[PDB]
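Participant: Dropping a structure here in structure tokens format, bear with me for questions.
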Amino acid sequence: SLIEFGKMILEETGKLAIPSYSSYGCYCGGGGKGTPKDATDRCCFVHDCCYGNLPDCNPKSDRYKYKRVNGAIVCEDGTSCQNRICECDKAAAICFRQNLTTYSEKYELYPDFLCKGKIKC
């Protein structure tokens with residue numbers, strides 16, 4: 001769930017999911033159209049695609065558990081949806097941490113009409 005995702009993001013990056021990653025670019029938050037603007041946005045695209053691979057799961061509300069072993073994120077065992085959701089989210093958090101040096105506030109509240117283009121998962 002967004003509660004766990006939010007916590008991963010904060011832990012990894014030192015940034016609050018809302019609003020740093022909830023209105024960024026074309027895919028972070030309410031994405032769904034266009035070419036991703038930068039590496040962070042691409043992280044959101046991949047994350048959207050990962051969720052899109054689980055059409056009978058409910059990633060926003062189904063809670064999972066995770067722990068850290070030596071700083072690394074480890075998804076605890078739960079149902080099979082919880083497992084897959086967690087791996088999607090873990091990958092996004094690490095993607096965000098990897099691209100922190102190019103995070104650009106100019107993409108915050110990015111306007112919808114500028115999200116142009118096409119990109120398949």
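All positions are counted from 1 along the displayed chain.
Looking at the header, which is where the method is noted, we find X-ray crystallography, 2.1 Å.
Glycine residues also receive a Cβ, built from the backbone N, Cα and C atoms like all the rest.
Here Swiss-Prot flags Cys26-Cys115, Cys28-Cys44, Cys43-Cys95, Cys50-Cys88, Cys57-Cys81, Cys75-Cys86 as disulfide bond, drawing on experimental evidence. If you look up Swiss-Prot, you'll see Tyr27, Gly29, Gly31, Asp48 marked as Ca(2+) binding site. Per Swiss-Prot, active site is recorded for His47, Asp89, and the stated evidence type is similarity to another entry.
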Participant: Using only C-alpha positions, which one of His47, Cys75, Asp89 is spatially nearest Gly31 (Ca(2+) binding site)? These are the recorded positions in the record.
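Facilitator: For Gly31 (Ca(2+) binding site), the closest Cα among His47, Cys75, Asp89 is found at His47.
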Participant: Would you find the one among the disulfide-bonded residues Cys28, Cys75, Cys95 whose Cβ has the most company, meaning other Cβ atoms within 10 Å?
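Facilitator: Top count of Cβ atoms within 10 Å goes to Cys28.
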Participant: Could you measure between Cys115 (disulfide bond) and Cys28 (disulfide bond) for me? Cα positions, answer in whole angstrom.
Facilitator: 12
Participant: Return the single residue from the disulfide-bonded residues list (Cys26, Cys81, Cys86, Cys88) that has the minimum number of other CB atoms within 10 Å.
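Facilitator: Comparing Cβ neighbour counts within 10 Å for the disulfide-bonded residues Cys26, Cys81, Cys86, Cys88 gives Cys81.
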Participant: Measure the Cβ-based neighbour count of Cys115 (disulfide bond), defined as the other Cβ atoms within 10 Å of its Cβ.
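Facilitator: Here the count is 18.
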Participant: Going by Cα-Cα distance, which of the recorded positions (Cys26, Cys81, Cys86, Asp89, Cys95) sits nearest to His47 (active site)?
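Facilitator: Closest recorded candidate to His47 (active site) by Cα: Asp89.
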Participant: List only the single closest residue to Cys44 (disulfide bond), chosen from the recorded positions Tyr27, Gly29, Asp89 by CA-CA distance.
Facilitator: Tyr27
Participant: Centre the Cβ atoms of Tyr27, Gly29, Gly31, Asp48, go out 8 Å, and tell me which other residues of that chain have a Cβ in range of the Ca(2+) site.
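Facilitator: After dropping the recorded site residues, what remains is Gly25, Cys26, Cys28, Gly30, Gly32, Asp41, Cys44, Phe45, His47.
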Participant: Please identify, among the disulfide-bonded residues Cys57, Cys86, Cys95, the one with the smallest Cα-Cα distance to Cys28 (disulfide bond).
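Facilitator: Out of the listed candidates, the nearest Cα belongs to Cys95.
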Participant: Under DSSP, is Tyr27 (Ca(2+) binding site) helix, strand or coil?
Facilitator: coil
Participant: Take the C-alpha atoms of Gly29 (Ca(2+) binding site) and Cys43 (disulfide bond) and report the distance between them in angstrom, rounded.
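Facilitator: A Cα-Cα distance of 11 Å.
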